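A.B. asks: following this: a sequence and the matching experimental structure.
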Amino acid sequence: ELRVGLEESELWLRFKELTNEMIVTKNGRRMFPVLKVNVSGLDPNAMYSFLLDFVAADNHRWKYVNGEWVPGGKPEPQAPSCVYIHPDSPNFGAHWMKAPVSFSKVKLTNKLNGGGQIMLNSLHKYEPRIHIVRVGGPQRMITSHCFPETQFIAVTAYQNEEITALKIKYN
Ligand SMILES: CCn1cc(NC(=O)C2CCC2)cn1
């Protein structure tokens, strides 16, 4: 059975219990913590690409109001985000299972750009999701996994200094 797990879940849970925030810039900003996934149960010899996208967790705008995050009252349907291809893709099952698959080079932006950078809406809450795509073979296959532990609000600057402090303490 194909098993997908989150590396460093206990750290992600520290961020999550404060409401995690990720900075977005015009040119795009890398994530901290980095999404790292433990994968087992692949065919060592089969061919796979690792894809990353961000699901709008709800249809609302969020605002930091008197030291706490609160959703607006005006739901807007959230278009799905663009997909980031892990740069080691495409690659053998063995490659993907020998060390945690680390998305250290994805950059989160607030502006439509050449591409590579993933555009998110500022003050929307996001749930990271991967797709493991079996490629090359006749029969294609996808397996998808969400990481609730890694939810965050996209922000142009940090609102909760408790987050600012955790980011510095562990980077
Ligand atoms: C990072 C190098 N790279 C990989 C691709 N495309 C794929 O792997 C396709 C299989 C479905 C997505 C394009 N560039």
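C.D. replies: Received it, and whenever you're ready, just let me know what you need. Residues are numbered from 1 along each chain as shown.

A.B. asks: tally of neighbours for residue 98?
C.D. replies: In terms of burial, residue 98 registers 10 neighbours under the definition other Cβ atoms under 10 Å. Where you see a C-beta, it was placed from the backbone N, CA and C, and this is true even at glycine.

A.B. asks: phi first, then psi, for it.
C.D. replies: Note on residue 98: backbone dihedrals following degrees, to the nearest 10 are phi -80, psi -30.

A.B. asks: number the residues from 2 up from this point.
C.D. replies: Sure, I'll start counting at 2 from here, so that last one is residue 99.

A.B. asks: quick one: it from residue 107, how far?
C.D. replies: For residue 99, the distance to residue 107 under the criterion Cβ to Cβ, to the nearest Å works out to 21 Å.

A.B. asks: again with residue 154
C.D. replies: Computed with Cβ to Cβ, the distance linking residue 154 and residue 107 is 17 Å.

A.B. asks: residue numbers of this protein in contact with the ligand?
C.D. replies: Contact residues of the chain with respect to the ligand, defined by Cβ under 6 Å from any ligand atom, are listed as 50, 86, 88, 90-91, 134, 136.

A.B. asks: redo that, cut-off 8 Å
C.D. replies: When proximity is defined as Cβ under 8 Å from any ligand atom, the chain approaches the ligand at 50, 52, 84, 86-91, 134, 136.

A.B. asks: any of those residues buried? List them.
C.D. replies: Neighbour counting with 16 or more other Cβ atoms under 10 Å marks 50, 52, 87, 90, 134 as buried within the residues of the chain next to the ligand.

A.B. asks: tell me which two of these sit farthest apart.
C.D. replies: Every pair in those was compared (Cβ to Cβ); the two farthest apart turn out to be 87 and 134, at 10.5 Å.

A.B. asks: which neighbours do the two have in common?
C.D. replies: Both residue 87 and residue 134 are contacted by 50-52, under the criterion Cβ atoms under 8 Å, 6 or more residues apart in numbering.

A.B. asks: point me to the residue of this structure nearest the ligand.
C.D. replies: Taking Cβ to the nearest ligand atom, the ligand has its nearest neighbour within the chain at residue 50, 3.2 Å off.

A.B. asks: including secondary structure, could the buried ones among the residues of the chain next to the ligand go into TSV?
C.D. replies: Formatted as TSV, these follow (DSSP: H, G, I helix; E, B strand; the rest coil):
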residue	secondary structure
50	strand
52	strand
87	coil
90	coil
134	strand
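
A.B. asks: ok, of the residues you listed, which one's closest to residue 103?
C.D. replies: Taking Cβ to Cβ as the measure, residue 103 lies nearest residue 87 of those, at 8.6 Å.
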